[PDB]
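A.B. asks: sequence-free structure coming up:
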Ligand SMILES: NCc1cccc2c1OCCCO2
Ligand SMILES: [Ca+2]
C-alpha cells in the first residue's frame, strides 16, 4: 500500500497472508475453512497465515494452516486478468476469534464513490521498493466505471472496478495482490492489477467480487 497508514495489529481480522516460504499475496477469510484471493496469486503449496500483524515476527495470535485445495475461476484469463479470483480451502478450520474473523460477501455491487478499506503487506513506495513488516491500510473510494475505463482503455471488463485517487499518491501495490477491498462491511474487491502504483490517472484495478457470489457459494458448498 502506497500512501496509506499502519492499520494497527489485528484491526483487519479477515486479512490473511499467503506464504510459500515468504509472503507473496494477500487474501480474505470468508468462513472458517475458505479464503478468497486473486487467481494470479495461484501457486501449489500455499500456507495461509491468519491473525498476522508483523509478518516477520511471531506475536502470538497467528494461525498457520496449509491449503488443501486451490480453485481458480473457470474463466480466469491470465492474458487480460479477467476473472482474477480464486478460492483456497484450509486443511483444517481456522479458530475464529477477535483477531481471526470472516468478512461477509456482497449482495449487489457497490456504487461509485462508496468508501472502502484496502489492506496488505505490499510495496509502500510509488518509485522505489520498500516492504513493510506490519499490515498497512488505505481508505479509497470506488471510482466511476467511466473514469476507470478512461484510465485503462480497452482493458477494463465488467468483472473489474477501479478504486483510489486519480491524482495519485494513494494506491495498492505489488505484494498487496489478492487482498481485500471492503466497503460497507462487504468484500467488494480483490487486489488485482494496475499500471505502477499511485501514478496520476492510473488507479488500482480490483476484481468485482459481487459478480462472483453465486460461483463462490456453489463452489464452497460442493467442495
Ligand atoms: N497499483 C495497483 C497494483 C496492485 C497490485 C499489484 C500491482 C499494482 O500496480 C501495478 C504495479 C504493481 O503491481
Ligand atoms: Ca507475525
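C.D. replies: The structure has been received and is ready for your questions. Numbers count the residues shown, from 1 in each chain. Ligands and ions are numbered 1, 2, ... in the order given.

A.B. asks: C-alpha from now on. contacts and neighbour counts both.
C.D. replies: Will do.

A.B. asks: residue contacts, the most centrally placed residue in the chain?
C.D. replies: Nearest to the geometric centre of the chain sits residue 179, at 1.7 Å (Cα atoms, centre = their mean). Applying Cα atoms under 8 Å, 6 or more residues apart in numbering, we find residue 179 in contact with 15-16, 25-28, 37-38, 118-120, 190-191.

A.B. asks: Secondary structure added to those, as TSV?
C.D. replies: Shown next, in TSV, are the contacts of residue 179 (DSSP: H, G, I helix; E, B strand; the rest coil):
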residue	secondary structure
15	strand
16	strand
25	strand
26	strand
27	strand
28	strand
37	strand
38	coil
118	strand
119	strand
120	strand
190	strand
191	strand
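
A.B. asks: Near ligand 1, list only the ones from those residues.
C.D. replies: Contacts with ligand 1 within the contacts of residue 179, as defined by Cα under 6 Å from any ligand atom: residue 191.

A.B. asks: Show me which positions of the lengthiest helix in the chain end up buried.
C.D. replies: Ordering each helix of the chain by length in residues (DSSP state H) puts helix 213-221 first. By 16 or more other Cα atoms under 10 Å, the buried positions in helix 213-221 come out as 216, 220.

A.B. asks: where's it relative to the chain centroid, distance-wise?
C.D. replies: Between the centre of helix 213-221 and the centre of its host chain there is 18 Å, according to Cα atoms, centre = their mean, to the nearest Å.

A.B. asks: Repeat that for stretch 120-133.
C.D. replies: In terms of Cα atoms, centre = their mean, the centre of stretch 120-133 is set 15 Å apart from its chain centre.

A.B. asks: how about that stretch against ligand 2, any contact?
C.D. replies: No - judged by Cα under 5 Å from the ion, stretch 120-133 makes no contact with ligand 2; its nearest approach is 8.8 Å.

A.B. asks: Domains in the chain, by residue range?
C.D. replies: The chain resolves into domains spanning 1-12+103-210, 13-102+211-222 when parsed by curated CATH domains.

A.B. asks: which of those is buried the deepest?
C.D. replies: Comparing the domains of the chain by mean neighbour count (mean count of other Cα atoms under 10 Å), domain 1-12+103-210 ranks first with a mean of 21.

A.B. asks: now the end-to-end length of stretch 118-135.
C.D. replies: 10 Å (Cα to Cα, to the nearest Å).

A.B. asks: Okay, residue 65 and residue 54: tell me how far apart.
C.D. replies: Residue 65 is 17 Å from residue 54, where distance means Cα to Cα.

A.B. asks: What lies in contact with the longest helix of the chain?
C.D. replies: Under Cα under 8 Å, 6+ apart, the answer for helix 213-221 is 34, 87, 105-107.

A.B. asks: So which of these are in strands?
C.D. replies: 34, 87 (DSSP state E).

A.B. asks: Out of the contacts of helix 213-221, the closest to residue 150 would be?
C.D. replies: Comparing those against residue 150 with Cα to Cα picks out residue 106 as the nearest, at 25.9 Å.

A.B. asks: got the residues of the protein near ligand 2?
C.D. replies: With the criterion set to Cα under 5 Å from the ion, the chain comes near ligand 2 through 52, 54-55, 57-58.
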